[PDB]
Amino acid sequence: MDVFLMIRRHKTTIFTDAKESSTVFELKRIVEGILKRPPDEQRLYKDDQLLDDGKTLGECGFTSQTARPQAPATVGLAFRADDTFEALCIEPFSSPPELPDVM
Amino acid sequence: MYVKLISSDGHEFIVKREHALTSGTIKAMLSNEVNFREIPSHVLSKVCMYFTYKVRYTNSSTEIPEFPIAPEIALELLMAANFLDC
Amino acid sequence: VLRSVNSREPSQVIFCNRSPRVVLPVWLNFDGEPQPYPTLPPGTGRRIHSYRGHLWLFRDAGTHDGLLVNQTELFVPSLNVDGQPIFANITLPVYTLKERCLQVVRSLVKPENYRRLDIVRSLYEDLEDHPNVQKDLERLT
Ligand SMILES: CC(=O)N[C@@H](Cc1ccccc1)C(=O)N[C@H](C(=O)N1C[C@H](O)C[C@H]1C(=O)NCc1ccc(-c2scnc2C)cc1)C(C)(C)C
């Protein structure tokens, strides 16, 4: 079953899908293909939880019924700057305006 | 193959090329990064979700859920969809 | 053009509302006039008696947004094989992002106020041009 994801770091957001049965490491390989940084230089997170390479996305709570096309689940990303890993940091999206009166 | 769509506040959304070609406007701007000076991230993120939704549920027998739009973003989203022709 | 044929050959049908909308079935009568039938709440079904060669289409009962029946616009009951009813599966289409936005805006702004919204005139017109069965009958013709 497909899960639909947003992989987020700083002001970058990747929209992609993966199998529930695929692994965290395999998701790093996908990020590698896009952002050109190897898996050993990536940490992936569900909220503040560091995800282990050998776990399946399903095990880590990304399921086909919650990680939906129209409402994808967020996976946090942090890169290793040279020696040590930066802290997970995801820039929020902008804020919508106040509802007008007429609405 | 992916393209980068950049919001007016500098958010970089990386989505599959074929998904982004849902918008004829984006096709033209490509024909592989596009800046959108009038589309903020809270709108453009939703547009990307729309692409994913459309591609997934077009020509599909499995029942179709409603594409959700918060009241707060509906106006700006309308304006983006009109510009993007999607 | 789009009118039911007066066949007299009965046909049992299950109207199955697999959409989140309240649904309005519309029968095109023998003169091509749309004739509204009782609504179906979201997720519900009705066993109904119709006839072969009769034309139906389905709409959101509140807003008249177009719905699909068995993946197309129109439904014509056919011959029942071995006494089994014909299924009419009513579903949401995949709306364009624009039409979906227009739906949500329409559902929040009273028509009198469309002029107050800060948008290009052409979107005012788009909002005001509500989904309408008569219009679609001309579009299908
Ligand atoms: C005068 C007559 O009975 N004519 C037959 C044809 C016929 C049959 C026998 C002999 C001669 C002619 C005929 O075509 N009838 C038509 C008829 O019965 N119709 C038109 C459509 O095919 C549906 C059917 C009909 O009204 N069926 C009753 C019905 C009642 C409710 C509902 C619905 S729809 C959503 N919920 C419900 C409960 C759906 C169907 C009417 C009476 C509307 C003209």
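Residues numbered from 1 in each chain as written, not as in the entry; some residues may be left out. Chains lettered and ligands numbered in written order. Heavy atoms only, no water. Residues with missing side-chain atoms left out of burial classes, pairs and counts.

Judging from the entry metadata, X-ray crystallography is the method by which this structure was determined, and 2.1000 Å is the reported resolution.

A. Structural view of unusual backbone geometry. Residue and element names in this part refer to chain C. Positive phi, normally seen in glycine, also occurs at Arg-8, with a value near 75 degrees. Relative to the helices and strands, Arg-8 resides in the segment before β1 (10-17). For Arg-8, a relative accessible area of 63% translates into the label exposed. Residue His-64 is not a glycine yet carries a positive backbone phi of 65 degrees. Note on placement: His-64 falls in the loop between β5 (55-60) and β6 (68-69). On the basis of relative accessible area, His-64 is assigned to the partly exposed category, the value being 32%. (Helix = DSSP H or I, 4+ residues; strand = E, 2+ residues; numbered from the N terminus. Buried < 20%, exposed > 50% of the residue type's maximum accessible area, 1.4 Å probe, protein only.)

B. Region of the structure containing the packing of aromatic side chains. Tallying each qualifying case throughout the model produces twelve aromatic pairs over all chains. Relative to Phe-13 of chain B, the ring of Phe-15 of chain A has its centre 6.4 Å away and its plane inclined at 40 degrees; by these criteria the two rings are tilted. Of this pair, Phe-15 of chain A sits in strand β2 (residues 12-19) while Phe-13 of chain B sits in strand β2 (residues 12-16), which puts the two residues in different chains. Residue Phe-15 of chain A is classed as buried on the basis of its relative accessible area of 5%. Seen in terms of ring centroids, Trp-27 of chain C and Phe-30 of chain C are 5.3 Å apart; in terms of plane orientation they differ by 85 degrees. Their pairing is edge-to-face. Put simply, the rings of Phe-15, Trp-27, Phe-30, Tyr-37, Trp-56 and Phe-58 of chain C pair up and form one aromatic cluster. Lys-46 of chain B extends its terminal NZ or CZ atom over the ring of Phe-67 of chain B, reaching a point 5.0 Å from the ring centre. (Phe/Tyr/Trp six-rings, centres within 6.5 Å; stacked < 30°, edge-to-face > 60°. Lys NZ or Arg CZ within 6 Å of the ring centre and 35° of its normal.)

C. Representation of helix α3 (residues 41-57) of chain B in the model. Residue and element names in this part refer to chain B. Taking 1.5 Å of rise per residue, the 17 residues of α3 would be expected to cover 24 Å, and the 24 Å separating its terminal C-alpha atoms lies within 8% of that figure. Among the 17 residues of α3, 14 are classified as buried, and the element is accordingly described as predominantly covered. Positive backbone phi, approximately 50 degrees, marks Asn-59, located one or two places after α3. (Expected span 1.5 Å × (residues − 1).)

D. Spotlight on the interface of chain A and chain B. Opposite the 26 residues of chain A that make contact, chain B presents 28 residues. When chain A packs against chain B, close to 2200 Å² is buried across both sides, 65% of that on carbon and sulfur atoms. Three residues stand out in chain A for area buried against chain B, namely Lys-11, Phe-15 and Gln-70 of chain A, and they jointly supply 32% of the buried area on that side. On the surface where chain A and chain B come into contact, there are one salt bridge. Residue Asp-17 of chain A is joined to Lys-16 of chain B by a salt bridge in which the shortest nitrogen-to-oxygen separation is 3.1 Å. Inspection of the region where chain A meets chain B yields ten residue pairs in polar contact. Broken down by secondary-structure element, the contributors of at least two residues to the side of chain A that touches chain B are β1 (2-9), β2 and α1 (24-35) of chain A. Of all the elements, β2 of chain A adds the most residues to the side of chain A that touches chain B, at six residues. (Contact = heavy atoms within 4.5 Å. Buried area = accessible area lost by both parts, 1.4 Å probe. Salt bridge = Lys/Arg side-chain N within 4 Å of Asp/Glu carboxyl O. Polar contact = N/O pair within 3.5 Å; in protein donor to acceptor, adjacent residues only side chain to side chain.)

E. Representation of the layout of surface pockets in the model. All names here are of chain B. In this structure, the largest pocket occupies an estimated 250 Å³ of space. Lining the largest pocket are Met-29, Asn-35, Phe-36, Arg-37, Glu-38, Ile-39, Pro-40, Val-43, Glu-76, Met-79, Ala-80 and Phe-83. Classifying every residue of the lining of the largest pocket by side-chain character gives eight nonpolar, one polar and three charged. (1 Å grid on protein atoms, 1.4 Å probe; cavity = no way out; pocket = protein on both sides within 12 Å on 5 of 7 lines; lining within 4 Å. Points joined across faces, edges and corners; volume = space filled by probe spheres on them. Nonpolar A, V, L, I, M, F, W, Y, C, P; charged D, E, K, R; others polar.)

F. Structural detail: the sheet that holds strand β3 (residues 34-36) of chain C. Residues and elements named next belong to chain C. Reading across the sheet, the three strands line up as β3-β2-β5 and stay open at both edges, with antiparallel pairing between neighbours. Of all strands in the sheet, those with a lone pairing partner are β3 and β5, marking the two edges. Shown here is a sheet whose adjacent strand axes are inclined to one another by a mean of 35 degrees, direction ignored. Relative to β3, strand β2 (residues 23-28) runs antiparallel, the two being bridged by three bridges. Each residue of the ladder has a partner; that of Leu-28, found in β3, is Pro-34. (Pairing = 2+ DSSP bridges. Axes fitted to C-alpha atoms, helices over the stretch in contact; angles between N-to-C directions.)

G. The interface of chain C and chain B, seen in detail. Across the contact, 22 residues belong to chain C and 23 residues belong to chain B. The contact between chain C and chain B buries some 1900 Å² in all, and 71% of this surface belongs to carbon and sulfur atoms. Together, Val-94, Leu-97 and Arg-100 of chain C form the three largest contributors to the area buried by chain C at its contact with chain B, with a combined 32%. Between the two partners, chain C and chain B, sit two salt bridges. Note that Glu-66 of chain B is salt-bridged to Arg-100 of chain C, the shortest N-O span being 3.7 Å. Remark: the boundary between chain C and chain B carries seven residue pairs in polar contact. The set of elements that each furnish at least two residues to the side of chain C that touches chain B consists of α1 (97-108) and α2 (121-128) of chain C. Of all the elements, α1 of chain C adds the most residues to the side of chain C that touches chain B, at eight residues. A class-by-class count of the residues in the side of chain C that touches chain B yields 14 nonpolar, two polar and six charged.

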